[PDB]
Each structure stands twice: as structure tokens, then as C-alpha cells.
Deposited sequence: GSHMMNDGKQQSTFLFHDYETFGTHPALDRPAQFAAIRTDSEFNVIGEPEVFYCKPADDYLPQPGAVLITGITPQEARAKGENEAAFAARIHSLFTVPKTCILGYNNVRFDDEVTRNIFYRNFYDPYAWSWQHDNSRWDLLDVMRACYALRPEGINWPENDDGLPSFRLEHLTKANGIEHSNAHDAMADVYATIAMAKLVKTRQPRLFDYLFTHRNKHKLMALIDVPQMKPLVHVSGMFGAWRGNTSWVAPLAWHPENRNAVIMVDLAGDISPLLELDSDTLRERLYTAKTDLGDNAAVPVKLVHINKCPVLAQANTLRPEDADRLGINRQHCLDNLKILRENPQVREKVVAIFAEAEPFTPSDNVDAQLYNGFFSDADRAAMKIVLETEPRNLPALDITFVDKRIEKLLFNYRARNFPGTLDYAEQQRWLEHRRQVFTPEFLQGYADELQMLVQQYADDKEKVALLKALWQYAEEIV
């Protein structure tokens, strides 16, 4: 049984992993060294008739719902192809921004179509990765050997195509699958030691081994939330485990200003923390970040950021060191910072994270999954979690409408009307109109916009 990597990319009909719908899936299996060892896997998803794609998405992809309808299968079947692949044992599933995008799409796809939302990321020696912060880490800590591209600002960029184009390699789902593989090869070759460190430290216990909460042991963290002006980097001190989020540890940015932490109380810090930057004043921002141990965060030994590297990124070493001393010498801050986080929708599509399912409920859902579509009306199952009845109804109506009775068909009509209100339909047309006037002399973009209008006429 061989360890593989499954590189994958989704095209979608919008940015929202729960509310929007997938259009296309692309994947290829490689060996540990990133040599291709299987056929390309590309296929489309038919959108159910309770949905209209966002115009912006479709303009970027070039994939129309008509195209997807013609070329694809229903979501249930789409979910089932994606799942067989994903649950091949000893598979590491990865892409480019997948942890914060594609993996969300996957969780919701399995959630909607009765597969476990997470098991593909851990069962049977499975795992996941994401090359995005690998690229960021490399630039920040061992930039040598790779060309780092900039914007009209001078800031380093990490858009995939910007990176591949800058390194003489090369929208199209399968093309992005190759670009990701190519990017994995590049770093592996130019910086194997860092690559090894980041691969090994995906592990949460490996990460906990690095996290010393009681002593506030300083670390280097790379993250987009720091922004390209610092090359996404800073030194960090772990203060506490998040009181409500098992996968989060509360951390202080040692480069920021630690006086609002020293001075304000917990309630004022909380209020300060949740004020936007624009409607923030002459006041300092609270320099606290959550780091999520399950999301392949880049966390290394403090001294991994080399003096010259810190100097390149313009990160004040002594300032950090000063803050770390103060924080260690003011234990009460920890009490306040934790208290910040100890405070705490009718669409079932949006309620995946409401919680796990009981044991009765998972066995029942298992049976939903194993039943031929045609046989579900004959089932009559009882669930406890109120999500499931709704999950089931959407599942059946969206994927197997030939299967619904009149009551169910009436319920579905109602549902469609509640989605396609006149106010929603007005909003959709306005956007299309607005867009057709912006790209009036673009034969490609005008024809997409037009196909989107027709599709709305034809399904609503």
C-alpha cells in the first residue's frame, strides 16, 4: 500500500463553499516524489434547479451552467466520484489554497450528499496539505533558488499563475492541478530541508511538540493575515489554548504594539479587537492572532528566521524580544486575552459546523447513503438532529426529482419560490445588466452574460 498525493482543483459557480455550487473537479494522483502515476481525473457537476451561479465566477471560469448541465452528473454522483478517489488509503489530498477554499467545498459536498465530511483527511492513513503557505514560507525563510514575483507595489505575490509564470513553467482546473504539482517539485528540489520540515509539521502533535504555552516560547509564524508588506511573517508567543475552539491556540504578534494588552481590560480589548481598521482611530490594534493547529499553519523555531531574512522582511528583532520580556513579566495579560475568547441560520446548506452527528444519526445516514435513489421513499427513517430531514429532502429533490411525491414536489416549488423571489430576480438582472455595460465590447464576456440570462429564464 503506497503513499500517494492527490493534487486537485475545483472550478465553482461562486466563492462560498456552502452557499455556492461546484462546476468542475480536476485531480491527479502522484507518488511521494510527485511523478504522475494515474490518469487525469476531470469531470463536471450539474447544478440543481434551485440555484443560479454568480456572474463574476462564470466570467473567470468561462463555465456556464448550461455547459455544466450538458457535461456533468448530479451532485450525488459528483460527490461519489470525488469521495472514492479521496478515500483511497494513504492518500495525501492537496491543492493551492485548498485548506481555506477547496477543502471547504469538499466538506460541504460530502455533508450535502451523506458522506462523512472529514474522514478523507485522516482515516486509513490519509492526510491533507496546501502549497500556498509552503510558497509563502519559502520566500520568507529560504528564498534562494526560486523567483519571487512582485506587484505594482513591490510586494511579493503568491497567486499561483504569478508564481509559475515567474519560474518558466506555465483558468483551467487541470492546468492548475499541474501548476501545483510543478510548484511542489520546484521547492522540493531547491529547498528540500524546509519542505521536509513543513511536510512533517502538518501533524498537530508535531505542532504541539513545538508549542510551549506555559513558557510563552517564541516561534516564527508565516501567514497571509500578516500581509505581503512583512512577507507574511512575524515572531509569535503562544499565550493560551482557545477556550471554545479545540483546534485554535491564542497567540500574540510580538512585532505589534503590546500596550493595549497591558493597559485595557478584557472587555475593552474584545471591543477593540472587533473594530475594522477603517473605523479604528488613533488607537493601537490588539496584536493577537488565532493559529489553527489543524490547518497546516507555518510554525517553526524562532531562530529559523535568519537575521538577514528578518532584515530583508523589515521585521524588528529587538522589538519582538522586548515584547516577549514584558509579556513574560506581566502574567495577568494572559488572563485577559483568554477572556476575550470565552464569550459565546435556517438554511441547512449553511449549518455543517453546527456540530457532529450522534451515533444513531450516523448509522441512519449510512443507510440513506447505501439506498438506491428509487428506494428512499420506501425507507421512512427517524433522525434526531434536525438538520437531517432537511438534508435528505434537498438531497432527494435536487438530485432525484423523478422520485418525489406531490407533497414533496409542492414543498420543492415553495423552496424554489423562496429562493427565486422577485427581489432576488431583480438583483440578478441588474448585476448582469451592469456587467454587460462594463464589457459591452467583449464578445466572449457578453455571450457568457447572455447565456446566464437565458439560463435564469429557463430554470426559474
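The chain's deposited sequence has unresolved stretches at 1 to 9, 180 to 183, 358 to 362, with no C-alpha coordinates there.
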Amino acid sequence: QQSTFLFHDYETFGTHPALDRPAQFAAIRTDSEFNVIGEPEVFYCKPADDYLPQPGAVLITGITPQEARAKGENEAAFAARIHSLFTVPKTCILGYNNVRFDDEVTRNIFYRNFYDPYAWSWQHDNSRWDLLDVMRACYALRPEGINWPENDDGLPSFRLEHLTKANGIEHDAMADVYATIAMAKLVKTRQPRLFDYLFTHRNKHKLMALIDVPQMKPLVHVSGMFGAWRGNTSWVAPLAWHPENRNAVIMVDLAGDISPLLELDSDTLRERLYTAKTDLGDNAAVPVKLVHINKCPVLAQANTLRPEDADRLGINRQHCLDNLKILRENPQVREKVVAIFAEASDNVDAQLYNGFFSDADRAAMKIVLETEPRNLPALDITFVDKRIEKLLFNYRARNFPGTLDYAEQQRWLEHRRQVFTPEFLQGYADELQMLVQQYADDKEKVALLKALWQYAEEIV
From here on, numbers count along this sequence of modelled residues.
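Mean CA B-factor, 431 to 439 versus 60 to 68: the higher value falls on 431 to 439. Taking the mean C-alpha B-factor of each stretch as recorded, 300 to 308 and 276 to 284 are not equal, and the higher mean is that of 276 to 284. Going by the entry's values, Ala339 shows the largest Cα B-factor out of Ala240, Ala339, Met365, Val187. Per the deposited coordinates, the residue with the largest Cα temperature factor out of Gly168, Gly95, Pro373, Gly355 is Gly168. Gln454 sits in the middle third of its chain by CA B factor, as recorded in the PDB entry. Per-chain ranking of the deposited C-alpha B factor places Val88 in the lowest third.
Residue-level temperature factors show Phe110 in the lowest third of its chain, judged at the C-alpha atom.
When the modelled residues of the chain are ordered by their C-alpha B factor, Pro117 lands in the lowest third. When the modelled residues of the chain are ordered by their C-alpha B factor, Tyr178 lands in the middle third.
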